[PDB]
Amino acid sequence: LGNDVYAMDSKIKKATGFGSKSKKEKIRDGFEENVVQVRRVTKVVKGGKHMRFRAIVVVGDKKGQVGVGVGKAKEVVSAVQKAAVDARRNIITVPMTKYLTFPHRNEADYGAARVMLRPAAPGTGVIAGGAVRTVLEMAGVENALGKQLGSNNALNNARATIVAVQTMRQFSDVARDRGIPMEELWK
Amino acid sequence: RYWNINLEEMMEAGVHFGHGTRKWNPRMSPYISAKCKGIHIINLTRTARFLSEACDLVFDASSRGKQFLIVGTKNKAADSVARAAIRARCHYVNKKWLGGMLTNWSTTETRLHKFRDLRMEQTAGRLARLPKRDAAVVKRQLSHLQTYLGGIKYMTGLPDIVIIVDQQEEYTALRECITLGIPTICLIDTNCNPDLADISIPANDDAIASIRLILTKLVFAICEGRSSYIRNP
Amino acid sequence: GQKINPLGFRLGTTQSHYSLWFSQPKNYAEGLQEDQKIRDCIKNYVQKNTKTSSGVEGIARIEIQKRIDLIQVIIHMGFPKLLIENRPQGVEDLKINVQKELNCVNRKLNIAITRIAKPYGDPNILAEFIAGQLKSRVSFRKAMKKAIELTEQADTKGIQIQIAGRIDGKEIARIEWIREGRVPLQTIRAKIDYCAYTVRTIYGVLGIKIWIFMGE
RNA sequence: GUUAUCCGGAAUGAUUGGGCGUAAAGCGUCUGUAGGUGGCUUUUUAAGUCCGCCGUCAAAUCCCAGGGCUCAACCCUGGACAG
RNA sequence: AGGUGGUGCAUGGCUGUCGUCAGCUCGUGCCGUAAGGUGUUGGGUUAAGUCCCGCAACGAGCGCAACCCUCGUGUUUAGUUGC
Ligand SMILES: [Mg+2]
Ligand SMILES: [Mg+2]
Ligand SMILES: [Mg+2]
Ligand SMILES: [Mg+2]
Ligand SMILES: [Mg+2]
Ligand SMILES: [Mg+2]
Ligand SMILES: [Mg+2]
Ligand SMILES: [Mg+2]
Ligand SMILES: [Mg+2]
Ligand SMILES: [Mg+2]
Ligand SMILES: [Mg+2]
Ligand SMILES: [Mg+2]
Ligand SMILES: [Mg+2]
Ligand SMILES: [Mg+2]
Ligand SMILES: [Mg+2]
Ligand SMILES: [Mg+2]
Ligand SMILES: [Mg+2]
Ligand SMILES: [Mg+2]
Ligand SMILES: [Mg+2]
Ligand SMILES: [Mg+2]
Ligand SMILES: [Mg+2]
Ligand SMILES: [Mg+2]
Ligand SMILES: [Mg+2]
Ligand SMILES: [Mg+2]
Ligand SMILES: [Mg+2]
Ligand SMILES: [Mg+2]
Ligand SMILES: [Mg+2]
Ligand SMILES: [Mg+2]
Ligand SMILES: [Mg+2]
Ligand SMILES: [Mg+2]
Ligand SMILES: [Mg+2]
Ligand SMILES: [Mg+2]
Ligand SMILES: [Mg+2]
Ligand SMILES: [Mg+2]
């Protein structure tokens, strides 16, 4: 057994102080953050209006990995940042097809937001509205049809889109589930 | 690899019984077996398969070099856990469990920093140069920090295997490990839902004997796995 | 509410004076007047001669100690690369003017320039820095965060920065402040360096107050 | 560019495609005539339904394939899914 | 140049006030689709979010208290202009 002071100062030197070490590590994560929405929410106190910013932000690699996140702070920058982290720990993967599109047609429901996605022919681009379109674009889906029915709220539509593309079943897996060869379901 | 289990020893230590039929969760109805005098009786042929798979993954995870926690907060299970963890040379929680031990790491670890400074203080003998209020206060810090950080105070980094006693009372452990991507190997009585753990072993709650039986089996798996990770690295 | 200039709060405990002399109650007014005249001169000279050569000149403070024979001026200064490198070194060139101002009867003057090691552990220098950047129509967020950085890599335990006025030239004035680390203002044992500074913009005045806590 | 007219967006009259505890919305409650739907098994019939073949649903327009005005718009030939 | 001419709803500095009232918040986590919540609430106790127990919260910051001056008791030292 080596002394307690040198080994605990080794776990103290290995976990670095937050006041002596500045932060930008994020581009080494291989991710890009896109700010969807910036709103000023308010808590009210006996003094007056206590102002905050809420940022809804999605992150993707444009390579088939995407996530949504929501954050709150006093400054635009900080909320952006929190949103970034909350998203990064919430992240999932969208099933893709050789042509960069969806396996099939799907609906989704989150709150009052309903979302309609359907696959497209290559060269149609991504046609959709703000939340759905940023989510899908950041996932890297190249050709997709989508329409949000029901409500318009950015956040809910994002989450609904995630619910959509999460339940998407790729053909290999339905072949495996049903217990039937691919070529038989192809027909 | 094999482990030590038979119908006779599990019959001995009293694993097969659990809480009254007013108190049960029907979510467990698939693998329960009988009901006697309004006292439920849980299937042991499932119990052996789960305990086998549990000691197997415990052996593979010990052998690869992964780190272990064990948890129960009860009165008897605490006296059993300090010794289970000393016998397997692992990390433990017996006394009051703090919310955020796993999930919120950063603040837990700074709490460990200051507890380490306190451990150096107390052995240095520099608590004798202080006013009486200062020594009583530093002794509050010590009492608390020993209660909560007592068994984890070796561990640096995030624990990737957690073992638990009686998930009914242990809810936050289950939540935190569900959240962080950690496996739970847990004891189930007739009142608890088999959602909350990765490998959930049908077991007994009220009995110190069942706790000792299954925990000694598991700490023996961690011990032989400890021989295999003393060898492989 | 109002706080006290944390300078003034600790006087004769954790903080020294600047003018170190003594005088009989009649002469006190005169002597004070003299200190004011040379502080004025020495600030003006350095301002004009350094800001012509385009640099950031910290004048951290001016300590004046009057002795019956020689009156000595010690300039705490953050970067005397601007004052020393010029051919007529600040020592002599100021000595002549500062000795023109007070008097030479029974009093001769000595100038001594001191290098303050960490320029960003001093509020006054830092506030001149933020004054420069905000005079450059850099947004105040950037300026604040740059100051915070420079200072916390310059060895500081705590800092509070306040900026008040018409910010970004917007019509309605406001107050923006950031606290960083730990800054007790009520603890007299704590060593606290405070500084107040004023800036002239296209949109009018801007105040800067800075608190620096160096420990107990 | 502005104004007018119409469809869109509008899932805002909703078959595909909405609702009705508190947001607009369940008759005060039953009995019951027309009307609509209606359990299982075997047979029959073939009205719907389904498949094949024929007649026709004019030419012009729309869709596909060529041809002609230098190109295009426009014109011309041939052919067809729907229904 | 000079302006004690205009505008304190264009501003800095400085101050009053609620009130020397005990509050105000933040970081990480967790609960909520979200604004937000929790921590800061419950049982006690304080002049005090003072402090202790309990609690999905764990910590920190500015406040409070303390470190400052003056008046209370003693001891060592220094004795003129005071004794
Ligand atoms: Mg709905
Ligand atoms: Mg719409
Ligand atoms: Mg204030
Ligand atoms: Mg026109
Ligand atoms: Mg319509
Ligand atoms: Mg309408
Ligand atoms: Mg409606
Ligand atoms: Mg109403
Ligand atoms: Mg109504
Ligand atoms: Mg009714
Ligand atoms: Mg009614
Ligand atoms: Mg009626
Ligand atoms: Mg009827
Ligand atoms: Mg009838
Ligand atoms: Mg009929
Ligand atoms: Mg029928
Ligand atoms: Mg025709
Ligand atoms: Mg053509
Ligand atoms: Mg042609
Ligand atoms: Mg034709
Ligand atoms: Mg036909
Ligand atoms: Mg003028
Ligand atoms: Mg007014
Ligand atoms: Mg929070
Ligand atoms: Mg949430
Ligand atoms: Mg509490
Ligand atoms: Mg409060
Ligand atoms: Mg609150
Ligand atoms: Mg509450
Ligand atoms: Mg009470
Ligand atoms: Mg009070
Ligand atoms: Mg609570
Ligand atoms: Mg306090
Ligand atoms: Mg006295």
# chains A, B, ... in the order shown; residues from 1 in each chain; ligands from 1
$ residues_around --residues "residue 141 in chain A" --least-positions-apart "5" --cutoff "12 Å" --atoms "only C-alpha atoms (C1' of nucleotides)" --output "PDB file with C-alpha atoms, in the first residue's frame"
ATOM      1  CA  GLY A  60     -26.456  15.004 -35.958  1.00  0.00           C
ATOM      2  CA  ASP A  61     -23.458  13.764 -37.882  1.00  0.00           C
ATOM      3  CA  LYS A  62     -25.506  13.874 -41.109  1.00  0.00           C
ATOM      4  CA  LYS A  63     -24.374  10.226 -41.228  1.00  0.00           C
ATOM      5  CA  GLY A  64     -27.401   8.413 -39.748  1.00  0.00           C
ATOM      6  CA  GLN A  65     -27.086   9.444 -36.091  1.00  0.00           C
ATOM      7  CA  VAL A  66     -29.425  12.094 -34.550  1.00  0.00           C
ATOM      8  CA  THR A  93     -30.000   6.058 -34.869  1.00  0.00           C
ATOM      9  CA  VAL A  94     -32.280   6.279 -37.927  1.00  0.00           C
ATOM     10  CA  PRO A  95     -32.663   3.144 -40.153  1.00  0.00           C
ATOM     11  CA  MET A  96     -31.574   4.014 -43.699  1.00  0.00           C
ATOM     12  CA  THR A  97     -31.812   2.581 -47.190  1.00  0.00           C
ATOM     13  CA  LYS A  98     -29.079   2.333 -49.806  1.00  0.00           C
ATOM     14  CA  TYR A  99     -30.437   5.499 -51.454  1.00  0.00           C
ATOM     15  CA  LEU A 100     -30.549   7.450 -48.167  1.00  0.00           C
ATOM     16  CA  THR A 101     -34.270   7.301 -47.361  1.00  0.00           C
ATOM     17  CA  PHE A 102     -36.790   5.509 -45.153  1.00  0.00           C
ATOM     18  CA  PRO A 103     -37.622   1.831 -45.067  1.00  0.00           C
ATOM     19  CA  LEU A 117     -43.145  10.406 -42.979  1.00  0.00           C
ATOM     20  CA  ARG A 118     -42.941   8.515 -46.221  1.00  0.00           C
ATOM     21  CA  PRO A 119     -39.996   7.359 -48.336  1.00  0.00           C
ATOM     22  CA  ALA A 120     -39.123   9.109 -51.577  1.00  0.00           C
ATOM     23  CA  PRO A 122     -33.764   9.630 -55.077  1.00  0.00           C
ATOM     24  CA  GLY A 123     -33.367  13.227 -56.187  1.00  0.00           C
ATOM     25  CA  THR A 124     -36.511  14.569 -54.510  1.00  0.00           C
ATOM     26  CA  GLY A 125     -34.607  16.177 -51.620  1.00  0.00           C
ATOM     27  CA  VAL A 126     -36.060  16.620 -48.131  1.00  0.00           C
ATOM     28  CA  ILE A 127     -39.435  18.319 -48.175  1.00  0.00           C
ATOM     29  CA  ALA A 128     -40.911  19.148 -44.768  1.00  0.00           C
ATOM     30  CA  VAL A 132     -39.315  17.669 -38.809  1.00  0.00           C
ATOM     31  CA  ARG A 133     -37.096  18.994 -41.578  1.00  0.00           C
ATOM     32  CA  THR A 134     -34.197  19.949 -39.335  1.00  0.00           C
ATOM     33  CA  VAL A 135     -34.373  16.628 -37.484  1.00  0.00           C
ATOM     34  CA  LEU A 136     -34.397  14.630 -40.698  1.00  0.00           C
ATOM     35  CA  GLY A 146     -43.049  14.610 -44.296  1.00  0.00           C
ATOM     36  CA  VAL A 165     -37.898   6.998 -37.187  1.00  0.00           C
TER      37      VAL A 165
END
$ residues_near_ligand --ligand "ligand 1" --cutoff "8 Å" --atoms "only C-alpha atoms (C1' of nucleotides) and all ligand atoms" --output "PyMOL selection string"
chain A and resi 109+111-112+114+150
$ atom_distance --atom1 "CA of residue 182 in chain B" --atom2 "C1' of residue 32 in chain E"
24.9 Å
$ select_by_dssp --residues "chain A" --states "helix (DSSP H, G or I)" --output "ChimeraX atom specification"
/A:4-14,26-29,76-90,130-139,154-167,171-178,182-186
$ residues_near_ligand --ligand "ligand 27" --cutoff "10 Å" --atoms "only C-alpha atoms (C1' of nucleotides) and all ligand atoms" --output "PDB file with N, CA, C and O atoms (P, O5', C5', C4', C3', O3' and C1' of nucleotides), in the first residue's frame"
ATOM      1  P     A E  22     -35.797  38.785   9.924  1.00  0.00           P
ATOM      2  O5'   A E  22     -35.413  37.732   8.796  1.00  0.00           O
ATOM      3  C5'   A E  22     -36.425  36.990   8.120  1.00  0.00           C
ATOM      4  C4'   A E  22     -35.934  36.493   6.787  1.00  0.00           C
ATOM      5  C3'   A E  22     -35.063  35.239   6.849  1.00  0.00           C
ATOM      6  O3'   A E  22     -35.179  34.531   5.616  1.00  0.00           O
ATOM      7  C1'   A E  22     -33.784  37.021   6.009  1.00  0.00           C
ATOM      8  P     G E  23     -36.489  33.661   5.310  1.00  0.00           P
ATOM      9  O5'   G E  23     -37.151  34.391   4.057  1.00  0.00           O
ATOM     10  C5'   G E  23     -36.661  34.188   2.739  1.00  0.00           C
ATOM     11  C4'   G E  23     -36.032  35.443   2.199  1.00  0.00           C
ATOM     12  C3'   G E  23     -35.505  35.379   0.767  1.00  0.00           C
ATOM     13  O3'   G E  23     -36.511  35.623  -0.218  1.00  0.00           O
ATOM     14  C1'   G E  23     -33.826  36.250   2.190  1.00  0.00           C
ATOM     15  P     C E  24     -36.749  34.619  -1.465  1.00  0.00           P
ATOM     16  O5'   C E  24     -35.552  34.943  -2.458  1.00  0.00           O
ATOM     17  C5'   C E  24     -35.461  36.213  -3.076  1.00  0.00           C
ATOM     18  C4'   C E  24     -34.067  36.475  -3.575  1.00  0.00           C
ATOM     19  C3'   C E  24     -33.594  35.623  -4.743  1.00  0.00           C
ATOM     20  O3'   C E  24     -34.053  36.118  -5.994  1.00  0.00           O
ATOM     21  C1'   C E  24     -31.902  35.745  -3.083  1.00  0.00           C
ATOM     22  P     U E  25     -34.813  35.165  -7.050  1.00  0.00           P
ATOM     23  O5'   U E  25     -33.647  34.466  -7.874  1.00  0.00           O
ATOM     24  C5'   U E  25     -33.166  33.175  -7.528  1.00  0.00           C
ATOM     25  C4'   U E  25     -31.680  33.113  -7.743  1.00  0.00           C
ATOM     26  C3'   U E  25     -31.121  31.867  -8.401  1.00  0.00           C
ATOM     27  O3'   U E  25     -31.325  31.847  -9.806  1.00  0.00           O
ATOM     28  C1'   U E  25     -29.772  32.460  -6.562  1.00  0.00           C
ATOM     29  P     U E  40     -32.554  22.350   1.379  1.00  0.00           P
ATOM     30  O5'   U E  40     -33.136  23.799   1.026  1.00  0.00           O
ATOM     31  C5'   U E  40     -33.448  24.735   2.063  1.00  0.00           C
ATOM     32  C4'   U E  40     -34.575  25.679   1.690  1.00  0.00           C
ATOM     33  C3'   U E  40     -35.861  25.027   1.167  1.00  0.00           C
ATOM     34  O3'   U E  40     -36.993  25.845   1.497  1.00  0.00           O
ATOM     35  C1'   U E  40     -34.993  26.455  -0.478  1.00  0.00           C
ATOM     36  P     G E  49     -34.971  31.997   9.642  1.00  0.00           P
ATOM     37  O5'   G E  49     -34.268  30.777   8.906  1.00  0.00           O
ATOM     38  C5'   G E  49     -34.337  30.619   7.493  1.00  0.00           C
ATOM     39  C4'   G E  49     -33.082  29.961   6.972  1.00  0.00           C
ATOM     40  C3'   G E  49     -31.888  30.912   6.768  1.00  0.00           C
ATOM     41  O3'   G E  49     -30.649  30.278   7.124  1.00  0.00           O
ATOM     42  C1'   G E  49     -32.347  29.761   4.765  1.00  0.00           C
TER      43        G E  49
END
$ residues_near_ligand --ligand "ligand 8" --cutoff "12 Å" --atoms "only C-alpha atoms (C1' of nucleotides) and all ligand atoms" --output "PyMOL selection string"
chain D and resi 22-24
$ residues_near_ligand --ligand "ligand 2" --cutoff "10 Å" --atoms "only C-alpha atoms (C1' of nucleotides) and all ligand atoms" --output "ChimeraX atom specification"
/A:129,147-152 /D:9-11
$ write_last_selection --atoms "N, CA and C atoms (P, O5', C5', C4', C3', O3' and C1' of nucleotides)" --output "PDB file, in the first residue's frame"
ATOM      1  N   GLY A 129     -41.480  20.576 -42.905  1.00  0.00           N
ATOM      2  CA  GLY A 129     -41.523  21.798 -42.118  1.00  0.00           C
ATOM      3  C   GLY A 129     -40.485  21.809 -41.013  1.00  0.00           C
ATOM      4  N   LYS A 147     -44.984  15.542 -43.286  1.00  0.00           N
ATOM      5  CA  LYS A 147     -45.929  16.570 -42.939  1.00  0.00           C
ATOM      6  C   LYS A 147     -46.299  16.358 -41.508  1.00  0.00           C
ATOM      7  N   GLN A 148     -46.218  17.413 -40.720  1.00  0.00           N
ATOM      8  CA  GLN A 148     -46.727  17.337 -39.377  1.00  0.00           C
ATOM      9  C   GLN A 148     -48.205  17.683 -39.438  1.00  0.00           C
ATOM     10  N   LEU A 149     -49.036  16.772 -38.958  1.00  0.00           N
ATOM     11  CA  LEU A 149     -50.433  17.100 -38.771  1.00  0.00           C
ATOM     12  C   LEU A 149     -50.613  17.370 -37.294  1.00  0.00           C
ATOM     13  N   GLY A 150     -51.811  17.768 -36.907  1.00  0.00           N
ATOM     14  CA  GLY A 150     -52.009  18.173 -35.532  1.00  0.00           C
ATOM     15  C   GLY A 150     -51.296  19.480 -35.251  1.00  0.00           C
ATOM     16  N   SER A 151     -50.481  19.527 -34.212  1.00  0.00           N
ATOM     17  CA  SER A 151     -50.017  20.820 -33.764  1.00  0.00           C
ATOM     18  C   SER A 151     -48.780  21.314 -34.480  1.00  0.00           C
ATOM     19  N   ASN A 152     -48.436  22.569 -34.222  1.00  0.00           N
ATOM     20  CA  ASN A 152     -47.270  23.189 -34.823  1.00  0.00           C
ATOM     21  C   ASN A 152     -46.030  23.317 -33.953  1.00  0.00           C
TER      22      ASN A 152
ATOM     23  P     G D   9     -55.449  21.682 -49.292  1.00  0.00           P
ATOM     24  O5'   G D   9     -54.612  22.349 -48.111  1.00  0.00           O
ATOM     25  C5'   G D   9     -53.215  22.120 -47.987  1.00  0.00           C
ATOM     26  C4'   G D   9     -52.432  23.384 -47.697  1.00  0.00           C
ATOM     27  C3'   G D   9     -52.532  23.958 -46.299  1.00  0.00           C
ATOM     28  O3'   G D   9     -51.753  23.238 -45.364  1.00  0.00           O
ATOM     29  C1'   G D   9     -52.581  25.709 -47.906  1.00  0.00           C
ATOM     30  P     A D  10     -52.412  22.672 -44.013  1.00  0.00           P
ATOM     31  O5'   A D  10     -53.974  22.983 -44.163  1.00  0.00           O
ATOM     32  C5'   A D  10     -54.894  22.518 -43.175  1.00  0.00           C
ATOM     33  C4'   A D  10     -56.356  22.672 -43.560  1.00  0.00           C
ATOM     34  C3'   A D  10     -56.754  22.425 -45.024  1.00  0.00           C
ATOM     35  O3'   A D  10     -58.010  21.744 -45.044  1.00  0.00           O
ATOM     36  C1'   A D  10     -57.621  24.476 -44.307  1.00  0.00           C
ATOM     37  P     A D  11     -58.122  20.187 -45.411  1.00  0.00           P
ATOM     38  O5'   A D  11     -58.164  19.459 -43.995  1.00  0.00           O
ATOM     39  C5'   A D  11     -59.256  19.664 -43.108  1.00  0.00           C
ATOM     40  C4'   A D  11     -58.926  19.302 -41.676  1.00  0.00           C
ATOM     41  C3'   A D  11     -57.778  20.086 -41.054  1.00  0.00           C
ATOM     42  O3'   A D  11     -58.005  20.205 -39.643  1.00  0.00           O
ATOM     43  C1'   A D  11     -57.223  17.786 -41.110  1.00  0.00           C
TER      44        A D  11
END
